[PDB]
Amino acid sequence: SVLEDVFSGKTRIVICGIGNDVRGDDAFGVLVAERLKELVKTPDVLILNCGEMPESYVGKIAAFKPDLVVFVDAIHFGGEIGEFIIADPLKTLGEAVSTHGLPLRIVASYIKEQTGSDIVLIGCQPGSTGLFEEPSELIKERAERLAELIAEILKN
């Protein structure tokens, strides 16, 4: 799978879940991170719940000496709800996108400069991001599915 390719050759891995667990389908990334914490025990892998502030974890990420850093987030990319995307968060997208807060590109560029790590973003298309909403059943299922796919790669 393309996922497997992402992880291939990479020994030390940091997986960073981004999201908000009370903002409907925006819970996606934190759901993934929390589920991975239950499924992955190896000393070569660090799982972080970054909430909405991955920039606050750059120190700890760099100190882990990663080969690969994987950000996991709900991403609006015009897909069907629940659809996955694998993207390069270092890439400059231009004016067609506007950036909420500190863009992930800046975070990822700093981490890669500091460590030499590859960086990847795995996104899932959300369908509803209302404040004080539970995630949809579909997004919960997609988070559980991605955590399983990643754990089966990592255990392996």
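In this text, residue numbers run from 1 along the sequence as written.
Of 95-103 and 123-131, which one has the bigger average CA B-factor?
-> Averaged over C-alpha atoms, the B-factors run higher in 95-103.
Given 105-113 and 66-74, the range whose Cα B-factors average higher in the PDB entry | Stretch with the greater average CA B-factor: 105-113.
Between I13, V22, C16, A143, which carries the biggest CA temperature factor in the record?
-> Comparing C-alpha B-factors across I13, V22, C16, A143, the maximum falls on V22.
Comparing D118 with the other modelled residues of its chain, is its CA B-factor in the lowest, middle or highest third?
-> Lowest third - that is where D118 ends up once the chain's C-alpha B-factors are sorted.
Lowest, middle or highest third: where is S56 by Cα B-factor in its chain?
-> For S56, whose C-alpha B-factor we compare with every modelled residue in the chain, the answer is the middle third.
Using the B-factor values recorded in the entry, state whether the Cα atom of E38 falls in the lowest, middle or highest third among the modelled residues of its chain.
-> Top third by C-alpha B-factor.
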